[PDB]
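The residues making up each chain are set out below.
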Amino acid sequence: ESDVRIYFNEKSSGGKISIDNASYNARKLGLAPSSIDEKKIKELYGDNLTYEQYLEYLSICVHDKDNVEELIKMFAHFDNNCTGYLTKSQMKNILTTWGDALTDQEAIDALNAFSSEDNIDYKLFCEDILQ
Amino acid sequence: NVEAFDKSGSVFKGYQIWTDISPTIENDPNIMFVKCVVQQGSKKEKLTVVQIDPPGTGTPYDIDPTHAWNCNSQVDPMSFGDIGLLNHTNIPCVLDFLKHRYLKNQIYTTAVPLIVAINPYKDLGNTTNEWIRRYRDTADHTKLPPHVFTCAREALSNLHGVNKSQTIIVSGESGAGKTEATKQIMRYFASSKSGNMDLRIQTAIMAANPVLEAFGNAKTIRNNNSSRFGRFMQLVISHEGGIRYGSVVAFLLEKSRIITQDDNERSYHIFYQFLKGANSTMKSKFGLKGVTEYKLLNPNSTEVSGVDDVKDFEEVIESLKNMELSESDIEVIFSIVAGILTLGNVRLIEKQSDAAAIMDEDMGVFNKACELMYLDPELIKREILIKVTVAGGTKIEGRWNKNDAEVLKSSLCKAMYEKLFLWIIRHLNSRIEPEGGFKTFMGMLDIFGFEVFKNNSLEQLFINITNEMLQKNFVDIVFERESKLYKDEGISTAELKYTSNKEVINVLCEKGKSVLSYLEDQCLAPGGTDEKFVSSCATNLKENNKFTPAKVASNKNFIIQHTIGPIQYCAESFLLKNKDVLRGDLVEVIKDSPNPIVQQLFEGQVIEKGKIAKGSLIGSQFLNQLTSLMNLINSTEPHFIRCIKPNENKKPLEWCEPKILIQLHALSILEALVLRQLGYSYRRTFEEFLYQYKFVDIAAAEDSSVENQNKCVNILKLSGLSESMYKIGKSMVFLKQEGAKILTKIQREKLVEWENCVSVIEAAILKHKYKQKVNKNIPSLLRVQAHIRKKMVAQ
Amino acid sequence: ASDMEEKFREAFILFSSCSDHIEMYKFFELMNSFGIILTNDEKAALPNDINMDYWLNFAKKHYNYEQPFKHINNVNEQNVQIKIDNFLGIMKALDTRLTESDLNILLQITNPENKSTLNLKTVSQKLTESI
Ligand SMILES: Nc1ncnc2c1ncn2[C@@H]1O[C@H](COP(=O)(O)OP(=O)(O)O)[C@@H](O)[C@H]1O
Ligand SMILES: [Mg+2]
């Protein structure tokens, strides 16, 4: 709650903070912001936000409906034999193609961070990122 | 047999096959077959493949063509409900189709006239009120996936539609899902569109499943809620839903379970329910000890995971009340249960070693047991300890030894329980049956399917006899129906004939020349053993190939050649297991009870003066029950629900190819496809055939100068198909399976010009369909990416 | 200038279930989806284990940028209309992967009305707008 006002000042400029910096702060606090949450606030207050708006943005960044069952949906979609396991190559192609696409490096990094093996238990991979 | 090569003799690039040869198969008991691609250069006499599914090494290997099966490549299993509609119906194909549907949570799949239902071992929420309503009120039922409600709808539709009685038959292995299906179908029948005035009679029928499961079900190794008996119901449902009348029949209750249980196996639920569930006042009233403190109850097995006996017990008390039992009636039921449990805890010792008697420590226990069971304790003590032999001419008052008196005590516990259970049913029937009986009813049989074990006894024999009667029902209704169809269109019913199990029925039932006829005669014999019974059977049943003796223990074991294969039975204790019925004088002591319910337990039970009569034995009595039950079912129109247990682990999304295939064989799911293919299988109306096979010959099709019955005969003669593959019919063009498959190949040959265009069209539409599904999961993906980035900041 | 790489790459992973190798049958679905057609010899000449980089190269070499879907209708020929239920007749006759739903979707997207005939010059036209 106080970290919100601590992190704000560090990246703030004349009382207002950029969305890119406001989003970074949300991650530091432990929130998961998508291009939707950013396009949501951009649609309401522009690119630079006051302290009043900053909180209102971190309010949207609160994703409670987030759980393994909700996240696995896409990975589960390509697990045609229903094993609960996907290759690193499979998962890299998903993360780097659709949605708020990650760099072919960002994807490799995060999958290599979770496991050494090519076959990744995406239920566990998702449980881990959520923590 | 795998059309892998072109005319040139070169393999089709990418040609996929099914195969029984792989290291995956060797290393995994779950997998029976793998997907392969036929490698370029493969020979006609021996193929070279590479595994593609499940993923492999990439290593090419050789297989003899007799280990290659056709693949149903490019086919959506969720696109249609019947296995028969598949281009290839070989074992690996049928199995895969069933697998894909299972993992997508579609368990029900037909194999006309059968409905296969794979146990999901997970709540799918497909039998909710929302699902009953959908299945009940839908315009065109066919535009809905297969379901047990499909069968319930159809059955109630024919009953009311043509005023013919119907019988739904649910069968399969222990834990395959018979009882659950039975409970769903009933739940559907109880859902009325606008209401039910006969709600009291319906409420009582629905209150009967918890009651029947409490007293008749048990936790076996194979099922935590195993039906230890055969259930038959007659229902009277209103055309708009709602049960009005009913009749329940239990049969072949597992007597042995009341006395002793194997380990990791419990007794009947009610014992556990009642002891953990009875309140402080109830416990003192009967003098109840803990579940562990009872002899008749395995003290280790006592708890079952996911089963809350205290909560289940509350539900039984309410169910008994809803069956129109008074508080007194209920109190009498539980006094008899406390009696059965207490009597078991009485100890007996040898009184030298000559005769036997009650342990003095246990005299109060014995007396309480009789009081609770509303029986005379002195007269009960007398029957358990006084032997009245008839040596020479006269009666000789003697005494029973420890082992014999232990057996007579156990006989009482068993008989009292079984009879209480049957009385509960008899009482329910008194409040739910129609006064003049049933005109047109809806039959429902929940019977244990064909049984094969490491050792088979009299228990499995009676089950396999019942299952032979039902298979006869299947094959007869398969014939009857397909035969009436041909006849209606004026076609030769000659090339229509298939196998009858009449040969194995005679060897098992027929009076004078059957295993059951010689089992009865040996029990009635003044000196007959299990050896004498097998020896007499192996001598008098040489006329039919269905009776065969055994290699190891030739006089102790015998093997019958059932429809589903050879099943070997062990004749040890067969004579003992048939004679297990209460002994005449003890029955009089019970019938002389002051209490009206205890008197009612053995109503009109004739006295056993001499040695056991014909109709006293289990085998004899059961054949009478079965014949009566059968004739009643043969009178109705049947419906078959086949249940498949997919794994021995009671786990969801766990497919086991081998187990599943034994089941496809035992339930005749495979033979149901075989029968549907035989003869003139393709049958479609003159208008239909012409929409379908239009392009075989577009000239004869696109013509006003000829009628529809004549447009078809023109196309067919011009086509190439021998008159040996097609018959014209009255309303329908009757084409043999082979003929109808050739005819399609001719049509495609004509539209050779359209091939590249339709390829591109279809392919582009799929690419689109594909991206659309990916869009659905894009908001969820946005989440995995938001968090991957959140996690990256924290470093 | 028109770089289809992003569209080709995505399509391969739609058919290949996000893996980096497609099986032959699925590669044939894939190439067809871009209007590519191969002769039985051209096909027999393909590598048995097709991968992403192979496809991307092939796609550039065979995709008709000037006119994709030339196989539905050629602008260089001339004779392009046929009845609606006739088209479906041929579709069903050639054992399509498509269901009664997919077929009807294609129909109201292309044919605006219920106009007696379906024009192929429009089938190709609408599919190219959906590339
Ligand atoms: N349709 C189903 N959906 C969910 N669970 C089921 C279904 N059918 C069976 N089960 C599970 O399997 C168990 C055993 O099935 P059951 O129908 O009682 O056995 P049986 O075939 O011996 O009558 C059930 O108690 C239940 O937990
Ligand atoms: Mg059961």
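## Details of the overall build of chain C
Broken down by element type, chain C carries 7 helices and 2 strands. Along chain C, helices (α) and strands (β) appear in the sequence α-α-α-α-β-α-α-β-α when read from the amino end. C-alpha atoms of chain C, sized along the principal axes, occupy 45 × 35 × 30 Å. Across the 131 residues in chain C, those meeting the buried criterion constitute 48%. Looking at chain C as shown, the accessible area adds up to about 7,000 Å², and 45% of this sits on carbon and sulfur atoms. Across chain C, the centroid of the 13 positively charged side chains sits 6 Å from that of the 19 negatively charged ones.

## Re the overall build of chain A
Per the secondary structure count, chain A includes 8 helices and 4 strands. For chain A, the spread of C-alpha atoms along the principal axes amounts to about 55 × 25 × 25 Å. The proportion of buried residues among the 131 residues of chain A is 43%. Look at the contacts in chain A between residues 6 or more apart in sequence, and 58% of them connect residues 24 or more apart. A total accessible area of about 6,700 Å² is found for chain A, and carbon and sulfur atoms account for 47% of it. The centroid of the 13 positive side-chain charges in chain A is displaced by 4 Å from the centroid of its 24 negative side-chain charges.

## Remarks on the pattern of salt bridges
Residues and elements named next belong to chain B. Scanning all chains against the criterion turns up 55 salt bridges over all chains. Here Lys614 and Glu520 are joined by a salt bridge, their closest N and O atoms 3.5 Å apart. On the criterion of sequence distance, the pair formed by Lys614 in the loop between α21 (596–600) and α22 (618–634) and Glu520 in helix α17 (residues 515–523) is long-range, its members being 94 residues apart. Here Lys694 ties to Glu702 by a salt bridge, and the two come within 3.6 Å at their closest N and O atoms. According to the relative accessible area criterion, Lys694 is buried, its value standing at 16%. For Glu702, a relative accessible area of 46% translates into the label partly exposed. By sharing partners, the salt bridges in this structure join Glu173, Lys645, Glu648 and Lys659 into a single network.

## Structural notes on the domain arrangement of chain A
Residue and element names in this part refer to chain A. Under the domain assignment, chain A is made up of domain 1 (1–66) and domain 2 (67–131). A straight line from the C-alpha centre of domain 1 to that of domain 2 covers 27 Å. On the domain 2 side, the residues contacting the 4 residues of domain 1 number 5 residues. Surface buried jointly by domain 1 and domain 2 totals about 320 Å² across both partners, of which 43% is contributed by carbon and sulfur atoms. Of all residues in domain 1, the largest losses of buried area upon contact with domain 2 belong to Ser35, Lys65 and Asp66, amounting jointly to 90% of the total for that side. Linking domain 1 to domain 2 there are 0 salt bridges. For the pair domain 1 and domain 2, the interface holds 2 residue pairs in polar contact. Within the side of domain 1 that touches domain 2, the residues separate by chemical class into no nonpolar, 2 polar and 2 charged.

## Brief notes about the interface of chain B and chain C
Each side of the interface is counted separately: chain B has 37 residues, and chain C has 45 residues. Between chain B and chain C, a total of about 3,900 Å² is buried, with carbon and sulfur atoms accounting for 67% of that surface. The interface formed by chain B and chain C contains 2 salt bridges. C:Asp102 is the partner of B:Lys769 in a salt bridge, and the nearest nitrogen-oxygen pair spans 2.8 Å. One can count 14 residue pairs in polar contact joining chain B with chain C. Of all elements in the fold, only α28 (737–750) and α29 (755–776) of chain B reach the threshold of two or more residues within the side of chain B that touches chain C. The dominant element in the side of chain B that touches chain C, judged by the number of residues it contributes, is α29(B), at 17 residues. Within the side of chain B that touches chain C, the residues separate by chemical class into 17 nonpolar, 10 polar and 10 charged.

## With respect to the interface of chain C and chain A
Contact with chain C, which involves 7 residues of that partner, is made by 8 residues of chain A. Contact with chain A buries area across many residues of chain C, yet C:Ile13, C:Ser17 and C:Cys18 alone supply 62% of it, more than any other trio. Summed over the shared surface of chain C and chain A, the result is 0 salt bridges. Taken together, the residues that form the side of chain C that touches chain A break down as 3 nonpolar, 2 polar and 2 charged.

## Overview of the site of ligand 1
All names here are of chain B. Around ligand 1, the structure places 15 residues, and the nearest of them are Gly175, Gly177, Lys178, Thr179 and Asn223. Between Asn119 and ligand 1, the recorded distance is 3.2 Å, taken from a side-chain N or O atom to an oxygen atom. A distance of 2.9 Å separates an oxygen atom of ligand 1 from a polar atom in the side chain of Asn223. Contact with the protein chains covers 81% of the free accessible surface of ligand 1, which is 550 Å².

## Points about the coordination of the magnesium ion (ligand 2)
All names here are of chain B. Every protein donor of the magnesium ion (ligand 2) is accounted for by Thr179 (OG1) and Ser227 (OG), and the metal-donor separations fall at 2.4 to 2.7 Å. Highlighted residues: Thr179 in helix α5 (residues 178–189) and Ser227 in strand β10 (residues 226–227), separated in sequence by 48 residues. Neither residue differs from the other here; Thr179 and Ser227 are each classed as buried.

## Here's the deal with the nonpolar core
Judged by nonpolar contacts, the single largest core of 188 residues is most densely connected at B:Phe189, B:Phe215, B:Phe334 and B:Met416. The element contributing the most residues to this core is helix α14 (residues 402–432) of chain B, with 14 residues. Each residue touching B:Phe334, except ones within four places of it in the same chain, is listed here: B:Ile270, B:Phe274, B:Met282, B:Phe286, B:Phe313, B:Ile317 and B:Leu320. A:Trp98, A:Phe125, C:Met4 and C:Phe12 belong to the second largest nonpolar core, which has 78 residues in total.

## Observations concerning the sheet that holds strand β1 (residues 16–19) of chain B
By definition, the strands of a sheet pair up through backbone hydrogen bonds, in either a parallel or an antiparallel sense. Residue and element names in this part refer to chain B. Here we have 5 strands laid out as an open sheet, ordered β4-β3-β2-β1-β5, and antiparallel in their pairing. Two strands lie at the open edges of the sheet, namely β4 (61–63) and β5 (68–70), each paired on one side alone. With direction set aside, neighbouring strand axes in the sheet form an average angle of 55°.

## Focus: the sheet that holds strand β19 (residues 557–562) of chain B
Residue and element names in this part refer to chain B. Strands sit in the order β18-β19-β20 across an open sheet of 3 strands; the sheet is antiparallel. Here the strands that pair on one side only, and so sit at the sheet edges, are β18 (547–549) and β20 (565–570). Averaged over neighbouring strand pairs, the angle between their axes works out to 30° when direction is ignored. The sheet contact formed by β19 and β20 spans 6 bridges and is antiparallel. Within the sheet, the bridge partner assigned to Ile559 lies in β20 and is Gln568.

## So, the packing of aromatic side chains
Following the criterion strictly, the structure yields 47 aromatic pairs over all chains and no others. For the pair B:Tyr770 and C:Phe15, a centre-to-centre distance of 5.2 Å together with 75° between the ring planes defines the contact as edge-to-face. Residue B:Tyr770 is located in helix α29, and its partner C:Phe15 is located in helix α1 (residues 5–15); the two belong to separate chains. For C:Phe15, a relative accessible area of 3% gives the class buried. The structure contains a cluster of three or more aromatic residues connected by ring pairs, namely C:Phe8, C:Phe27, C:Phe34, C:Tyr54, C:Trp55, C:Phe58, C:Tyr63 and C:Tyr65. Between the NZ or CZ atom of B:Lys767 and the centre of the ring of C:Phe34, over which it lies, the distance is 3.6 Å.

## Examining unusual backbone geometry
Residues and elements named next belong to chain B. A cis geometry characterises the amide bond from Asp53 onward to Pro54, with omega recorded as 0°. Looking at where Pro54 falls in the secondary structure, it is placed in the loop between β3 (47–53) and β4. Cis peptide bonds are those with omega within 30 degrees of zero, and the linkage from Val112 to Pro113 qualifies with 5°. By the element assignment, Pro113 lies in the loop between β6 (108–111) and β7 (114–118). Despite not being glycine, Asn163 has its phi angle at roughly 55°, a positive value.

## Let's talk about the pairing of β1(B)
All names here are of chain B. A two-sided burial pattern is seen for β1, the buried positions comprising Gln16 and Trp18 on one face and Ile17 and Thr19 on the other. Bridge analysis of β1 against strand β2 (residues 34–38) gives 4 bridges, and the strand direction is antiparallel. Its bridge partner being in β2, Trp18 is matched across the sheet by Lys35. Here 3 bridges tie β1 to β5, and the two strands are oriented antiparallel to one another. Bridged to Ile17 within β5 is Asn70.

Criteria and cut-off values
Residues numbered from 1 in each chain as written, not as in the entry; some residues may be left out. Chains lettered and ligands numbered in written order. Heavy atoms only, no water. Helix = DSSP H or I, 4+ residues; strand = E, 2+ residues; numbered from the N terminus. Buried < 20%, exposed > 50% of the residue type's maximum accessible area, 1.4 Å probe, protein only. Areas by Shrake-Rupley, 256 points an atom, 1.4 Å probe, with all protein chains shown as cover. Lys, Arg positive; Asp, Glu negative; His and termini not counted. Charge placed at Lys NZ, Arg CZ, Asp CG, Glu CD. Contact = heavy atoms within 4.5 Å. Salt bridge = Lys/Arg side-chain N within 4 Å of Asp/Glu carboxyl O. Domains from an automatic or database assignment. Buried area = accessible area lost by both parts, 1.4 Å probe. Polar contact = N/O pair within 3.5 Å; in protein donor to acceptor, adjacent residues only side chain to side chain. Nonpolar A, V, L, I, M, F, W, Y, C, P; charged D, E, K, R; others polar. Near = heavy atom within 4 Å. Donors = N, O, S within 2.8 Å, 3.2 Å for Na, K, Ca; no water. Core = buried A, V, L, I, M, F, W, Y, C linked by side-chain atoms within 4.5 Å. Pairing = 2+ DSSP bridges. Axes fitted to C-alpha atoms, helices over the stretch in contact; angles between N-to-C directions. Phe/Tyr/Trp six-rings, centres within 6.5 Å; stacked < 30°, edge-to-face > 60°. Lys NZ or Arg CZ within 6 Å of the ring centre and 35° of its normal.

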